[PDB]
Structures are given as C-alpha cells and as structure tokens.
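Since the structure comes first, as structure tokens, the remarks are kept for the end.
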Amino acid sequence: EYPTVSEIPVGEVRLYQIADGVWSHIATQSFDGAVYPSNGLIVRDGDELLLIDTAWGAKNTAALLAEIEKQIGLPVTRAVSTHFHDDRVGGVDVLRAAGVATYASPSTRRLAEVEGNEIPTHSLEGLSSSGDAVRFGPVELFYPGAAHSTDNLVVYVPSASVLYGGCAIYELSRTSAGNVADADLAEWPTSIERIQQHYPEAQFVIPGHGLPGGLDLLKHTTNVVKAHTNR
Ligand SMILES: CCn1c(S)nnc1-c1nn(C)c(C)c1Cl
Ligand SMILES: [Zn+2]
Ligand SMILES: [Zn+2]
Ligand SMILES: [Zn+2]
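In the entry's author numbering, each residue carries its 1-based index in the sequence shown increased by 31.
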C-alpha cells in the first residue's frame, strides 16, 4: 500500500500513515530523465505538527503543505532538515513564508550555504559530535556520524518506535550506491552501527527514498556501501 512513482503525478505529494501520529510524505522529482521518489516524515506534536524534510523543491513543498492542510488539518509549526542537499532543504523558503520555523544543525546550515542551497533559519545545538542526541519535541534527533553526508541526522519517534533514517539509509530495492558526491564512505558503516546501537528497539525504519522496512535496512545499507567502496 506504500505509494510508488506510479501513483504520484508530477508536482503532487502523497501521505502515508506509519503509526499513530506518524506519517511519511512522498513526492517525486526527475533527474537525467528518470523519476525518483523521496520521503520525509510528519510527527504529530500535541495539536501541532513537526515536519521532517521538505518534499524536494518549492512546488512539491507547497503541495505538501496543501495536502497536510487537507488531510490532517493541524498547523505545521516546525521543520527539521536532515542534511544540506536539495531533496531535504529545497522548499525551505516556502515553509518559511507559510510561518513554519525551519531548523537544521549548524553543520547542515554551513554546508547548505556553501552549496548555494536554501538555508533553514534556526540552528539545532548539541549535534556536532558523532553519537550526539537531542530531544526535539516528540522526536529525538541523532547525529550518527558522517555517512551519506557529513551532516546527516536521523530522527526517532519514541512513542511509535519509528526510526527515520533519511538519506543515510537505503531501501532494500536499492542494491548499488546512490548519490555519494558528499559521502564519507569510510565512516558510513561506523555511523550505521551507531544507529543500530542507539535504536535497537525501532519497529519501523524509513529510508530517504523508497519503501519502509525494519532494522534490516541498516545492514542492507552497510552491504551496499561496502560493495561501492570496493569497486
Ligand atoms: C535524491 C538523491 N539525492 C540525495 S540522497 N542527496 N542529494 C540528492 C540529489 N541527487 N540529484 C541529482 C539531485 C537533484 C538531488 Cl537533490
Ligand atoms: Zn543528499
Ligand atoms: Zn523562528
Ligand atoms: Zn535523499
């Protein structure tokens, strides 16, 4: 029942309820003539919503807000971007204009600025060292170390046992490495093991792109990254 590129028309977003008060959002974008799906997270925060990641661009992100407004009807007050690339921060301006408080680590904000990307407004302290965790309302934010990017965060929802791995975790269908331009291939397995050690109770694991699974996605990702490293 998870949405695929198949049932997502250009510029639209689908929502998927994972657990009580936790959804993913799914959008699509084209590059080099192929079409890629992309996930973020929505976490209910009392009578407000916490958003994890944009929907990969201004158009998609305005569609995301409109779909949330339609289907959940609680205000998005805060968003966290889990790394600096455009599939995670593209649309920050749209969120900012809609009165959403946008957040990221100083690591991410720095890299976004270097990249000439949109820059989340607010800074998340206490995540600069590998293994650092901070609470952010109904989630914990964890910096497991460099992996897909040097700044990548993961997000755990303790009430629902949902681990959102973002782009540091691969879906099972991906059996070769994706975009690694800014990756730390050397540290990526170590970083995944920190995630394993910190959230061994996770029941649902959501990759940045494609299908949810369980903690098997961590070892899966390790296998893929190691195979790439040894090319
Ligand atoms: C969506 C995959 N991706 C991730 S993960 N980080 N960066 C990307 C990315 N690759 N390309 C071609 C674009 C436009 C983006 Cl964003
Ligand atoms: Zn990326
Ligand atoms: Zn603010
Ligand atoms: Zn991504």
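Beta carbons are placed, not taken as given, at the ideal position from N, Cα and C, and that holds for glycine.
Self-check item: 3-residue-minimum beta strand (DSSP E) runs that sit fully inside the segment 77-113, ordered along the chain
Solution: Every beta strand (DSSP E) stretch that sits fully inside the segment 77-113 and reaches 3 residues is listed by chain position as 79-83, 107-111.
Practice problem: Check whether the Cβ atoms of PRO220 and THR253 sit closer than 9 angstroms, and answer yes or no. | Solution: Yes; because the gap between Cβ atoms is below 9 angstroms, this pair is in contact.
Practice problem: Give every residue of the same chain whose Cβ lies closer than 8 angstroms to the Cβ of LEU248, excluding the five residues on either side of it in the sequence, and list them in chain order. | Solution: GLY196, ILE200, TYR201, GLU202, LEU203, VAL236, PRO238, listed in sequence order.
Quiz item: Does at least one heavy atom of ligand 1 sit under 8 angstroms from the Cβ of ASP215?
Solution: Checking every heavy atom of ligand 1 against the Cβ of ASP215, none is found closer than 8 angstroms.
Practice problem: Keeping to the same chain, check which residues put their C-beta closer than 7 angstroms to that of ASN183; ignore five residues upstream and five downstream. | Solution: Counting only Cβ-Cβ distances below 7 angstroms, and skipping sequence neighbours, we find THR113, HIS114, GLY197, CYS198, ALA199.
Quiz item: How many angstroms separate the CA atom of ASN210 from the CA atom of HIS179?
Solution: Going by the C-alpha atoms only, they are around 8 angstroms apart.
Exercise. Compute every distance between the C-beta of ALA132 and the non-hydrogen atoms of ligand 3, then say whether any falls below 8 angstroms.
Key: It does: the Cβ of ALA132 is within 8 angstroms (strictly closer) of some heavy atom of ligand 3.
Quiz item: What is the DSSP secondary structure of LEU142, counted as helix, strand or coil?
Solution: Helix at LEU142.
Quiz item: Can the beta-carbon of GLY52 be found less than 9 angstroms from the beta-carbon of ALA191?
Solution: Yes, the Cβ-Cβ distance between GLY52 and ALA191 is below 9 angstroms.
Exercise. Examine ligand 1 and report whether any of its heavy atoms sits within less than 8 angstroms of the Cβ of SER69.
Key: If you check the C-beta of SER69 against ligand 1, you find a heavy atom less than 8 angstroms away.
Exercise. With ligand 1 as the reference, list in chain order each residue whose Cβ lies under 5 angstroms from any of its heavy atoms.
Key: Qualifying residues, in the order they occur: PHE62, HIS116, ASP117, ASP118, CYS198, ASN210.
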